[PDB]
Amino acid sequence: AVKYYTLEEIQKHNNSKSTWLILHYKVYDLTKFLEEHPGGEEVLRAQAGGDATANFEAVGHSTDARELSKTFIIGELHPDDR
Ligand code: HEM
């Protein structure tokens, strides 16, 4: 199962209270990951509300990181937005 969230909504979740972004048309809550993320908070938060696939892939991110991302998958991008 998965919950679908609208890009509208995701754009509201783009700051300290909620840092969510699209990667590969899925919604990753990194809100409680800001401090943890070795790349720093601002790098995600800058793209948050938007898609960051290109950045995520440009950075490579280890298999383990990709796997860890699943732990933050809170939903998919709504098909209306896809
Ligand atoms: C999907 C959620 C993400 C997870 C779980 C995650 C996890 C990690 C981890 C564990 C590292 C260490 C690199 C490694 O060992 O593979 C890292 C580095 C990094 N991440 Fe992420 N990341 C995520 C999303 C993003 C996003 C959206 C961006 C910002 C556009 C980003 C930018 C970076 C940068 C700049 C580094 C540092 C690379 C360096 O050391 O030069 N990450 N991330």
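Indices start at 1 and increase along the chain as displayed.
The header says solution NMR.
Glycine too: its Cβ is placed from the backbone N, Cα and C atoms.
Summarising the annotation, Swiss-Prot assigns heme binding site to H37, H61. Long-range neighbours of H61 (heme binding site) (same chain, six or more residues apart, CB within less than 8 Å of its CB): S69.
All chains included, 10 other C-beta atoms sit within 10 angstroms of the C-beta of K3 (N6-acetyllysine). The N6-acetyllysine annotation in Swiss-Prot covers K3 (among others) and rests on similarity to another entry.
Annotation comment: Swiss-Prot describes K12 (among others) as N6-acetyllysine, evidence class similarity to another entry. A helical conformation is recorded for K12 (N6-acetyllysine) in the three-state DSSP classification. Its own atom aside, the Cβ of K12 (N6-acetyllysine) has 12 Cβ atoms within 10 angstroms in the protein chains shown.
Proximity to ligand 1 (Cβ under 6 Å from any of its atoms) holds for these recorded positions out of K3, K12, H61: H61. In this structure the alpha carbons, written CA, of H37 (heme binding site) and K12 (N6-acetyllysine) are 21 Å apart.
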